[PDB]
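Examination of the molecular architecture
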Amino acid sequence: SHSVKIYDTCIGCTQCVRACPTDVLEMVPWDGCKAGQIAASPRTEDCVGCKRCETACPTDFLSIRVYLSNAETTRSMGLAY
Amino acid sequence: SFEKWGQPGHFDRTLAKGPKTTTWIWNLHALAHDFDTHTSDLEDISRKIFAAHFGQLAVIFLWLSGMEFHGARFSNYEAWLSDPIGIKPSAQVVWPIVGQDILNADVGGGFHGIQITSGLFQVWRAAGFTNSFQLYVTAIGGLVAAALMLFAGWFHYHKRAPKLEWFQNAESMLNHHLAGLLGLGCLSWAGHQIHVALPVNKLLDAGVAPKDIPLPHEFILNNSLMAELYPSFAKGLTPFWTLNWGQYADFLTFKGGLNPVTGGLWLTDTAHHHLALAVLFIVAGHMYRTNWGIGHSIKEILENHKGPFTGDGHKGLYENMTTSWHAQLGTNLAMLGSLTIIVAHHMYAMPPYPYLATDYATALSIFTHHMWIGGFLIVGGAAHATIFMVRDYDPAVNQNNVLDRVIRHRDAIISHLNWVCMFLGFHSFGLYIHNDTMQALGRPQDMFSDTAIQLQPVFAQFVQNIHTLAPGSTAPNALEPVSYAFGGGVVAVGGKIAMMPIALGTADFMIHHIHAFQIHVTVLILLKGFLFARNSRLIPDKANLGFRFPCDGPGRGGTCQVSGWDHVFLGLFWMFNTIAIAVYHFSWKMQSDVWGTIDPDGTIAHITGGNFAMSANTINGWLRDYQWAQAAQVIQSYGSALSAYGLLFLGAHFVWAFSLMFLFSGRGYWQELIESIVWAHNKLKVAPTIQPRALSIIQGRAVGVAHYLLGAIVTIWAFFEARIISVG
Amino acid sequence: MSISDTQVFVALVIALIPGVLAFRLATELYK
Amino acid sequence: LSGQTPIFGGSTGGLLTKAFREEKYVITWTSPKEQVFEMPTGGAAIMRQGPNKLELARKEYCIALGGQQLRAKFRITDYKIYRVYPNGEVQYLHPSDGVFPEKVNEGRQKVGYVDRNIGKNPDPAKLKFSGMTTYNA
Amino acid sequence: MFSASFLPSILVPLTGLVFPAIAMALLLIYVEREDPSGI
Amino acid sequence: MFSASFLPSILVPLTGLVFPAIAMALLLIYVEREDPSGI
Amino acid sequence: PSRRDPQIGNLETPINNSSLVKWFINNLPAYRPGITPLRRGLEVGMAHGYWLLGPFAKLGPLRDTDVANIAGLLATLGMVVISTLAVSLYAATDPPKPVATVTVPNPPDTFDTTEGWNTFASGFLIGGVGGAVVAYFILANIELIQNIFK
Ligand SMILES: CC1=C(/C=C/C(C)=C/C=C/C(C)=C/C=C/C=C(C)/C=C/C=C(C)/C=C/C2=C(C)CCCC2(C)C)C(C)(C)CCC1
Ligand SMILES: CC1=C(C/C=C(\C)CCC[C@H](C)CCC[C@H](C)CCCC(C)C)C(=O)c2ccccc2C1=O
Ligand code: SF4
Ligand code: SF4
């Protein structure tokens, strides 16, 4: 659906992965900082636009962003009907 | 013992540390009372509620006693005593300095000041008040009782505070209150009435030297003058010992109508009224079960009423009514609101005080005041219902109950509701604008009044009729009809109407129907927020997240304004509309075909001339034939001694536009402007340490709606206040 | 004396209470 | 897929014609105890013993129940969710990590990345008459 | 006539004719019904 | 009237009613077209 | 006891599953079997064109003039025409999800198809015109009862 954007400032507290109710994140193995596993978006197709995730990102200039696209569908719009 | 106040945030652990930014100020005035948000304990909560109630009562006593005192030393009462017609009561004399010197409201007898409109002297025409010194003592008593019960609150919180089982005896609560409070107070007031009120009322028929009229001590044990009138009232003959009450036909009677010598009704009826009510709900309030092993087990009554459509009936409702508080709050608020508005809708056809229908200024002031309070608080009742829904509930004790049975089929209810609202809405308003177009289109035969296409509310007419001839058969021991707007003779005094029968033609139809329309949509909004409070078809975390929050991000498109109190925002807008047009309708009719002047033939020359049958059918007429009259003097109503009060109607528009400014705009814009001003101030080394931050969007919405309501209501009260001054 | 639309009234009291009450008391016994 | 459902009379927030003709979601777990609980479509019910089939039209309700209701309250952490096609095909959309860890594995899905500072960012000032955005490095 | 309205003029025919008509029609189609349902 | 003919009597309805009718009908059937052709 | 599952968004209230109502709804020309779509259109047109002329017959702007009968006739004529136009174009653009939402225990009929809809519209037109003229004839002689004077 919409697009997701990842950066390097992921400290690795993993408050975003516990905040997104849409299963669009996972901590893939990293090496750079003490994190060793940095967040990423494997399952964008279920993005919702709630962006409760970066509100859970404590990093200065929060490490995740979401570029809110234009190719919406019944899934991205979230209708029970 | 003064070392404790200046330690702010004493009740919250978070905002107690320090004011980082201006936000810390705002919340200080926001969480000072919801101490349910402080702990889980309850005895503390109850104690706080008791003390707060005592404080409110204290300020009550204070303000009433002070208003008395003003009435004693700066009010032309005792001069207005001998003549309640040719003198207009007043108070609050103007202070003679620059700016307020021309405002001397001179009301005859040289008494300047401010021509008030609250009709307290009317009470002081029934209480029989001669000299202001007794009133001085009254104020002293009021204030000392205020201080007394405040001290009592301090004691019952700091030294001996009540325990916890002291809360939930609603049985003894109802018994004590219902019986002891209401019945004993009412019968005591009736005893005061018969002893003093009607005697001096008798003595106010022909100028019987008011102060010379004796004092109550001259009637406590002096039964001679009490034996002058009412021969059965020698002592009483005490025939109640003999169970005979036929002797007492002197004072304790039943007339039921207007007394053209008092400007109000016959006070004897009110006295016997109060007697009957007293004993009636005394024996009522003696119902429920208490400490003598006798009475209803009320938590079993509701268990019994179930059936096929019921499911399981009213099972399991007391945990809600006692464990939680917001429930009780909401229901009692709704009931009080309704009760108040019926009171308003009530006391313009049965004036219960002397000189009420003859005094055409206090009436609508009291009416509109109470009417506004009614709605203005029933919406709050509904809001507290919703706050109960979000704060207090249970999945366990709420299986299939009459409560749960609606929350399972809400969609059908609300869909049919929307259906009804749409139907009524255009069925009324589009019809109205249709007739508007027809009148503007040289097709007058397509109008809808009597002189055109017909419709007549026969139901109201027939009910009023069957009310007209009530006495004799339905009311044998009754003399006159209950009122005179239904039927009877046009009752009046002087060249001044008291009450005439009211006519319901064609224009009544759409007016009542749009009343119902707006009430329907109001219920729609409020109940919608009610049901869709915890879970929506898209948001399943509402109760999991709160009820005071702005939005849930730009998911699903937009989601802003999905809490509940925004529902009540929209609802309060709508109820504003409702009550505003309601008071419009009431004022215009009761100044168009109920009120005016009178000739020796009883010829009622009304103020306006019956304008509904002429213009209250098309929109352009509604602005012409109402506000042309409602303002044509306010433009020039200033510019002399008893005119100088340039009213803030000219002033309220400004606050209204300033209001609407807050609504249409976001906040990031203001935040950036703030940051630029901060840059400048920091360049000149004046940067305020506490960093300013723009308002939160909910805060801005709140201040916008507040200013909106304030401006509107100020405008309208200015309107009809000056309008009545032009005739009263 | 004699009557008016009140006879349309006494007609109106029928066709809900007695009407469908008798209808149910009939259809109870499985046509 | 178990022939059993919690004790629940009925309601009107059920399914629509979009459900049995476009998609259904399914969630199951293990509740050897029967406790009263809430549901997102309005109303309450009480669970069954062992396998517990809850079938639904959307996805977020199952996630809300699993996260906020099941393991947050009753400590059941073996619920599985599936997406049912209009013909009957089923997709094990989750658990795509088995144990619901949300951070653990010996190796994970590795395709694509962006580890780039934002101060230096591609712009329409440079990317012109293309169809892409700032996602270049 | 009297203080009532036209009603006794025309309310007999439908009760006299058409209601018997539908009665017997429905009855006849009832007495030929299939199995095992019938209304 | 004047030196012109009836025309201003009846030439508004077709422009007022029927031309909008065909306009919207053609438009609606256009906004549902198949692929990849369309007129 | 729902239709197939008590958790579905449907209820067994005794207004949508009463034997009286289901018998009364099944045998309507929209559902009663043993007929052609042609007859369906004919009958629906008959009914509607038979009642949809009064609502403006004595109600139109020519209400009390001495012609309003044929005026209402022409009005309802144009009305049924444009209604047929509407349903025909609906058929023209009809076939996304070529079904109708089914709640009657059985499917209604094979009436659910484009050319079926077209034939139905034709029969609607015919029956509507017919109901129109026959109502106009009933209403023609104001003396229709005056000759009877009963
Ligand atoms: C509405 C209102 C108001 C008013 C109020 C009122 C008016 C109230 C009332 C109240 C009252 C009116 C009260 C009273 C009370 C009383 C009582 C409660 C009584 C009791 C009694 C008793 C208890 C007795 C005792 C005794 C004696 C004395 C002797 C011996 C024997 C005995 C012991 C029995 C106000 C303005 C505020 C505000 C607004 C609104
Ligand atoms: C003006 C405005 C601001 C700016 C207002 C701010 C930042 C508040 C600043 C504090 C105020 C200015 C202090 C009030 C000062 C007192 C009122 C004293 C001044 C005297 C006046 C009464 C004349 C917002 O932050 C905002 C946010 C969301 C929606 C709309 C708006 C909005 O409209
Ligand atoms: S984006 Fe935030 S929650 Fe996610 S890994 Fe980085 S710091 Fe942790
Ligand atoms: S809106 Fe935010 S939390 Fe929700 S799916 Fe998209 S990135 Fe994740």
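Parameters at a glance
Residues numbered from 1 in each chain as written, not as in the entry; some residues may be left out. Chains lettered and ligands numbered in written order. Part of a larger assembly, values for the part shown. Heavy atoms only, no water. Residues with missing side-chain atoms left out of burial classes, pairs and counts. UniProt positions renumbered as here; feature names shortened; annotations may be inferred. Contact = heavy atoms within 4.5 Å. Near = heavy atom within 4 Å. Areas by Shrake-Rupley, 256 points an atom, 1.4 Å probe, with all protein chains shown as cover. Nonpolar A, V, L, I, M, F, W, Y, C, P; charged D, E, K, R; others polar. Helix = DSSP H or I, 4+ residues; strand = E, 2+ residues; numbered from the N terminus. Axes fitted to C-alpha atoms, helices over the stretch in contact; angles between N-to-C directions. Parallel < 35°, antiparallel > 145°, perpendicular 65-115°, else oblique. Left-handed = near helix turned anticlockwise from the far one by under 90°. Buried area = accessible area lost by both parts, 1.4 Å probe. Salt bridge = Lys/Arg side-chain N within 4 Å of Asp/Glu carboxyl O. Polar contact = N/O pair within 3.5 Å; in protein donor to acceptor, adjacent residues only side chain to side chain. Core = buried A, V, L, I, M, F, W, Y, C linked by side-chain atoms within 4.5 Å. Buried < 20%, exposed > 50% of the residue type's maximum accessible area, 1.4 Å probe, protein only.

- Under the PDB entry, the name given to chain G is Photosystem I reaction center subunit XI, and the source organism is Chroococcidiopsis sp. TS-821.
- According to the PDB record, the title of this entry is "The structure of Photosystem I tetramer from Chroococcidiopsis TS-821, a thermophilic, unicellular, non-heterocyst-forming cyanobacterium".
- According to its UniProt record, chain G has this under Sequence similarities (unreviewed entry): "Belongs to the PsaL family."

- Looking at the PDB entry, chain A carries the name Photosystem I iron-sulfur center, with the source organism given as Chroococcidiopsis sp. TS-821.

**Overview of the arrangement of the chains**
- The interface with the highest contact count, out of eight pairs of chains in contact, is the one between chains A and D.
- What separates chain C from chain F at the closest point of their C-alpha atoms is a distance of 48 Å, and the two make no contact.
- Without any contact between them, chain E and chain F keep their closest C-alpha atoms 45 Å apart.

**Quick word on the site of ligand 1**
Residue and element names in this part refer to chain B.
- Around ligand 1 sit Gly180, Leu181, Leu184 and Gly185, and that is every residue in its neighbourhood.
- Protein chains bury 18% of the 950 Å² of accessible surface belonging to ligand 1 in isolation.
- Considered class by class, the residues forming the shell around ligand 1 number two nonpolar, two polar and no charged.

**Some words on the UniProt feature "transmembrane region" (unreviewed entry) in chain G**
Residues and elements named next belong to chain G.
- Feature annotation in UniProt places "transmembrane region" (unreviewed entry) on residues 67-92 and 120-142, given in this structure's numbering.
- Regarding residues 67-92, the helix share stands at 96% and the strand share at 0%, and the terminal C-alpha atoms are separated by 38 Å.
- Helix makes up 91% of residues 120-142 and strand 0%, and the two end C-alpha atoms of the span are 34 Å apart.

**Things to note about the packing of helix α13 (residues 362-391) of chain B against helix α23 (residues 697-725) of chain B**
Residues and elements named next belong to chain B.
- Viewed as axis vectors pointing N to C, α13 and α23 meet at an angle of 165°, and their least axial separation amounts to 11 Å. Here α13 is positioned roughly antiparallel relative to α23, judged by the angle of their axes. Remark: the crossing between α13 and α23 carries right-handed chirality. On α23, the residues touching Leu364, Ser365, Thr368 and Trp372 of α13 are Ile713, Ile716, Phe720, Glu721 and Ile724.
- By residue class, the composition of the contact of α13 with α23 is six nonpolar, two polar and one charged.

**Section: the interface of chain D and chain A**
- Contact residues are listed per partner, giving 25 residues for chain D and 31 residues for chain A.
- Roughly 2500 Å² of surface becomes buried between chain D and chain A when both sides are summed, with 52% attributable to carbon and sulfur atoms.
- Its largest share of buried area at the contact with chain A, chain D owes to D:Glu102, D:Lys103 and D:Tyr135, together 26% of the area lost on that side.
- Counting across the interface, chain D meets chain A through one salt bridge.
- Along the contact surface separating chain D from chain A lie nine residue pairs in polar contact.

**Some points on unusual backbone geometry**
- Residue D:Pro95 follows D:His94 across a cis peptide bond; omega there is 0°.
- Checked against the element boundaries, D:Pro95 lands in the segment after β6 (90-94).
- Phi angles above zero are rare outside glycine, and B:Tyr230 is one such case at about 60°.
- Inspection of the secondary structure puts B:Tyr230 in the loop between α8 (224-228) and β1 (258-259).
- At B:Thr238, a residue that is not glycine, the phi angle is positive and equals roughly 35°.
- Among the secondary structure elements, B:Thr238 is positioned in the loop between α8 and β1.

**Considerations on the nonpolar core**
- B:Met371, B:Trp372, B:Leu572, B:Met575 and B:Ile579 are the most contacted members of the largest nonpolar core, which totals 32 residues.
- Among the secondary structure elements, those contributing two or more residues to this core are α13, α17 (508-531), α18 (565-592) and α23 of chain B.
- The residues touching B:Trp372, leaving out its near neighbours within four places in the chain, are B:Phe576, B:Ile579, B:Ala580, B:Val583, B:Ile713 and B:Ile716.
- Core analysis: the next-biggest nonpolar cluster, separate from the first, contains 15 residues, A:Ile6, A:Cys20, A:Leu25 and A:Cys53 among them.

**With respect to the packing of α13(B) against α18(B)**
Residues and elements named next belong to chain B.
- Interhelical geometry of α13 versus α18 gives an angle of 160° and a closest axis separation of 10 Å. Classified by the angle between their axes, α13 and α18 sit roughly antiparallel to one another. You can see that α13 and α18 cross each other, and the crossing is right-handed. Contacts between α13 and α18 involve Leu364, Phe367, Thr368, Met371, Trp372, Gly375, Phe376 and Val379 from the former and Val568, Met575, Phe576, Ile579, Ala580, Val583, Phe586 and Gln591 from the latter.
- Classifying every residue of the contact of α13 with α18 by side-chain character gives 13 nonpolar, three polar and no charged.

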